[PDB]
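Taken in sequence, the protein lines are chains g and T. Anchor point for the first sequence: position 194 equals 195 in the entry's author numbering, and the numbering is continuous, going up by one each time. Anchor point for the second sequence: position 71 equals 71 in the entry's author numbering, and the numbering is continuous, going up by one each time. In this text, a Cβ means the ideal position worked out from N, Cα and C, and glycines have one as well.
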Amino acid sequence: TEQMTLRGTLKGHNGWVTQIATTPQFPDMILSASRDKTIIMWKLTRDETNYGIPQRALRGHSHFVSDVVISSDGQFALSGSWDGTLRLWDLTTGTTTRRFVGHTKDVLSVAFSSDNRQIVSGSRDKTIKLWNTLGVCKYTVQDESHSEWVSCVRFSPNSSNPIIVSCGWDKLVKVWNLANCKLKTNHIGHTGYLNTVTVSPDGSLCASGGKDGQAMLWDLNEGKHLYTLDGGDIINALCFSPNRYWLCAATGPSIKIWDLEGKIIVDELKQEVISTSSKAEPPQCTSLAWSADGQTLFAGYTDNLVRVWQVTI
Amino acid sequence: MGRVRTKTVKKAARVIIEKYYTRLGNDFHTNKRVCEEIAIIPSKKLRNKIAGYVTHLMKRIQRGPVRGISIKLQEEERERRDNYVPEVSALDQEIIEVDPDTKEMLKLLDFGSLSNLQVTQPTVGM
RNA sequence: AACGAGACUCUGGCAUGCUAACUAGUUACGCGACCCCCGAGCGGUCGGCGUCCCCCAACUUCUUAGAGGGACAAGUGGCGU
Ligand SMILES: [Mg+2]
Ligand SMILES: [Mg+2]
C-alpha cells in the first residue's frame with residue numbers, strides 16, 4: 002500500500018507561504034515565496050534532526066510575493082509580487098537581472114515557457130500579458146479576456162500545437178492558442194471564483210478548482226468536460242503527479258490525493274490535532290509542489306511552515 | 001483608547017457584506033482589495049477600517065446568523081425549516097385523553113368515545 | 001433626519017522597491033599629485049590619510065521630492081448576556 006508520512010518541517014519565514022517550486026535539474030534546492038516579501042532558496046540537508054536550512058534570501062519587492070517559478074536550467078527564477086512588478090533573478094548571487102514593469106494592480110500568477118522563451122502574467126487588471134525574455138511587452142489580452150481578476154495563468158507542456166490556459170474570478174476557465182493569442186474555447190461551471198489551474202504532464206487535462214470546493218477535469222483535446230470531484234471544503238492549489246495518475250488538492254486544513262483510476266481518494270493529510278480553544282482550529286493550506294523524483298511533496302501553509310510528505314510503501 | 005467603530009463604518013460594512021457575500025473571505029488583505037474594487041471609499045484609513053470590520057463580521061457569519069445582515073445561504077436554512085419537517089409528525093399520538101368535568105362537558109355536546117379519567121387530591125398544594 | 005464628535009488637512013516615524021538629479025552625492029578606478037613608513041617591502045609594487053585636482057566613469061545607499069505601499073484591534077490567549 003502507498004501511504005504518506007510527515008518527514009520533516011522547514012522554518013525560516015515570517016508570513017504565509019504562498020508558492021513552492023522545484024526544478025528537475027537540482028534535486029536538492031527549493032524555492033519558497035512568502036508574504037514577508039522575501040523568497041527563500043533552501044539548503045536541503047536531507048538529515049532527519051532537521052530537514053533543510055535557508056541558503057539565500059532573494060530580497061527586493063515592495064509587497065507580498067504572489068508567484069515564483071524556477072527556470073529549466075536552474076540558474077534563474079521568475080517572480081511576481083503584489084506591486085505589479087515581475088523579477089528575473091539569478092540563483093547564484095541574487096541580483097535581479099530584469100524587472101518586467103507594466104501593470105496597474107497586483108500580479109497574481111506567473112509562468113515560464115517550455116524553452117524559457119516567452120513569459121505570461123495575469124493580474125487584477127483583468128489583463129493577461131505576454132513578454133519577451135528581455136523585459137518588454139510582447140502582447141496584451143485586453144478584451145475577450147476575463148471580466149474580473151485573472152487569478153492564474155499556465156502554459157501547456159506540449160510541443161504539439163500550443164495552449165495557454167487561464168482561470169479567473171469570473172467563474173470561467175478560458176483557453177488560448179499561444180501563437181495567435183485568441184480564444185480556442187470556453188468552459189462554464191464552477192459556481193464561485195477560481196483559485197488555481199494546472200495541466201497534466203501529458204498535456205491532456207486541466208484540473209481547475211476554486212471557492213466551490215469541487216475539482217473539475219477538462220480535456221485539452223476533446224474540448225469537453227470529463228468529470229468532477231467534490232473536494233470538500235475549498236480548493237487553494239491543485240497539482241498533478243510527475244510519475245503517477247494522481248491529483249493532489251490543497252483543501253483548507255488538509256490535502257486530498259486522488260487515484261484517478263476509479264476516481265477515489267487515497268489519503269487525507271491532516272496535521273496535529275491540538276484542542277484549539279476557540280474559532281478556526283487549524284492553520285490552512287496555501288500551496289503544494291511535487292518533487293521531480295515523484296517521492297516527496299512539499300506543502301506551504303498559512304502559519305509560516307513548510308511541511309514534507311514522503312510516499313512510503 | 002478608542003477602537004470603537006462609528007456608524008459610518010458599520011453601515012458601510014453591513015451593506016458590503018449584504019451585497020457581495022460570496023466574494024469575501026476570512027483574511028484581511030484580500031477583503032481590503034475586494035472592498036476597494038466594489039465600492040468607492042474616498043480615503044485609505046476608512047477603507048482599512050471598513051475592510052477590518054468586514055472580516056470580524058465574516059468570522060461571525062460562519063457561526064450562527066447575525067441579526068442585521070440577511071443573505072441567501074442562511075435564509076434557505078430558515079425557509080426549509082419553516083416548511084414542515086419529519087422531526088414533527090402529526091399530533092404526536094392521536095389517542096389523547098381527558099379528565100372528568102370535561103367528559104361531563106363533552107356529554108353536553110354529544111361526544112362518546114376514546115377518553116380516560118383521573119381525580120386529584122381535593123385542593124391546591126396538598 | 002440634520003449639526004457637533006469621528007471622518008478630514010498639515011506634520012513625525014518606515015521602504016537598499018519605483019521615478020532621477022555636475023544648484024546633491026557615493027563608489028570606483030582613469031587618475032595625477034602631496035606626505036609620511038605607519039605594513040610586507042626599499043622608500044618602488046601592494047597598501048594607509050585627503051572637503052588636493054579631474055571623468056562625455058557606474059550608480060542613487062546617504063541628500064532632495066514626487067507617485068504608490070504600509071496598521072486594520074488584522075493574528076493568538078484570556079474576560080465579556
Ligand atoms: Mg436616530
Ligand atoms: Mg480575541
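Element boundaries [alpha helix (DSSP H), containing residue i]
i: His56(T); result: 45-61
i: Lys103(T); result: 103-107
i: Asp82(T); result: 73-82
Buried versus exposed, by CB contacts within 10 Å (16 or more), residue i
i: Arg3(T); result: exposed
i: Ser292(g); result: buried
i: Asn196(g); result: buried
i: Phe111(T); result: exposed
i: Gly169(g); result: buried
i: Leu92(g); result: buried
i: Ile258(g); result: buried
i: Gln20(g); result: buried
i: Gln285(g); result: buried
i: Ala290(g); result: buried
i: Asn237(g); result: buried
i: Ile54(g); result: exposed
i: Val54(T); result: buried
i: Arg36(g); result: buried
i: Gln4(g); result: exposed
i: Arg23(T); result: buried
i: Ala22(g); result: buried
i: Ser146(g); result: buried
i: residue 143(T); result: This structure cannot settle anything about residue 143(T), because the visible part of chain T is limited to 1 through 126.
Where the beta strand (DSSP E) containing residue i begins and where it ends
i: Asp68(g); result: 66-71
i: residue 321(g); result: As shown, chain g starts at 2 and ends at 314. That puts residue 321(g) outside it, with no answer to give.
i: residue 1(g); result: Because chain g spans 2 through 314 in this model, residue 1(g) falls outside it and cannot be assessed.
i: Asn51(g); result: Here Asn51(g) belongs to no beta strand (DSSP E), and DSSP marks it neither H nor E.
i: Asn196(g); result: 195-197
i: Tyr140(g); result: 138-142
i: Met5(g); result: 4-11
i: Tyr302(g); result: 297-302
i: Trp90(g); result: 87-91
i: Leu289(g); result: 286-291
i: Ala251(g); result: 247-251
i: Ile314(g); result: From DSSP, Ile314(g) is part of no beta strand (DSSP E); its letter is neither H nor E.
i: residue 354(g); result: Missing from the structure shown is residue 354(g); chain g here goes from 2 to 314 and no further.
i: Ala281(g); result: First-last for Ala281(g): undefined, no H or E at that position.
i: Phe101(g); result: 95-101
Local conformation of residue i per DSSP, three classes
i: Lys185(g); result: strand
i: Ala12(T); result: helix
i: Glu273(g); result: coil
i: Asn31(T); result: helix
i: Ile40(g); result: strand
i: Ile256(g); result: strand
i: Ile31(g); result: strand
i: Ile235(g); result: coil
i: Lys7(T); result: helix
i: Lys175(g); result: strand
i: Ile164(g); result: strand
i: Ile38(T); result: helix
i: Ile69(T); result: coil
i: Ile95(T); result: coil
i: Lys130(g); result: strand
Among the options, nearest to residue i - alpha-carbon criterion
i: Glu273(g); options: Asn51(g), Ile266(g), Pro283(g); result: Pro283(g)
i: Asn51(g); options: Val312(g), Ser35(g), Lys280(g), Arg308(g); result: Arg308(g)
i: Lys72(T); options: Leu106(T), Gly125(T), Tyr21(T), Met1(T); result: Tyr21(T)
i: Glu269(g); options: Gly232(g), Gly9(g), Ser161(g); result: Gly232(g)
i: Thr134(g); options: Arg100(g), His147(g), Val166(g); result: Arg100(g)
i: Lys49(T); options: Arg78(T), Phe28(T), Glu37(T); result: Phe28(T)
i: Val18(g); options: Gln26(g), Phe27(g), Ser33(g); result: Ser33(g)
i: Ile129(g); options: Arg118(g), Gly95(g), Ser167(g), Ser82(g); result: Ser167(g)
i: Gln56(g); options: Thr94(g), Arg88(g), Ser72(g); result: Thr94(g)
i: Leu230(g); options: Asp126(g), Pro202(g), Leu261(g); result: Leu261(g)
i: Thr313(g); options: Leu306(g), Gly301(g), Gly295(g); result: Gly295(g)
i: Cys249(g); options: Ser201(g), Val176(g), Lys183(g), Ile164(g); result: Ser201(g)
i: residue 1(g); options: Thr10(g), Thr2(g), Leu179(g); result: The structure shown has nothing for residue 1(g), since chain g only spans 2 to 314.
i: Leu173(g); options: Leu179(g), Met30(g), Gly190(g); result: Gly190(g)
Near ligand 4: residue i beta-carbon under 6 Å from a heavy atom
i: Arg8(g); result: Of the ligands this structure carries, namely ligand 1 and ligand 2, none is ligand 4.
Tell me, please, whether the stretch 106-122 of chain g touches the stretch 142-154 of chain g by the rule of three or more beta-carbon pairs shorter than 8 Å. yes
Given 8 Å as the limit, is there contact between the stretch 93-100 of chain T and the stretch 115-122 of chain T, that is, 3 or more CB pairs closer than that? yes
Determine, using beta-carbon pairs with one atom in the stretch 66-77 of chain g and one in the stretch 7-21 of chain T, whether at least three such pairs fall under 8 Å. no
With a cut-off of 8 Å, do at least 3 Cβ pairs link the stretch 137-146 of chain g to the stretch 156-166 of chain g? no
Taking three-plus beta-carbon pairs below 8 Å as touching, is the stretch 15-28 of chain T in contact with the stretch 39-50 of chain g? no
Counting pairs of Cβ atoms below 8 Å between the stretch 216-227 of chain g and the stretch 196-206 of chain g, do you hit three or more? yes
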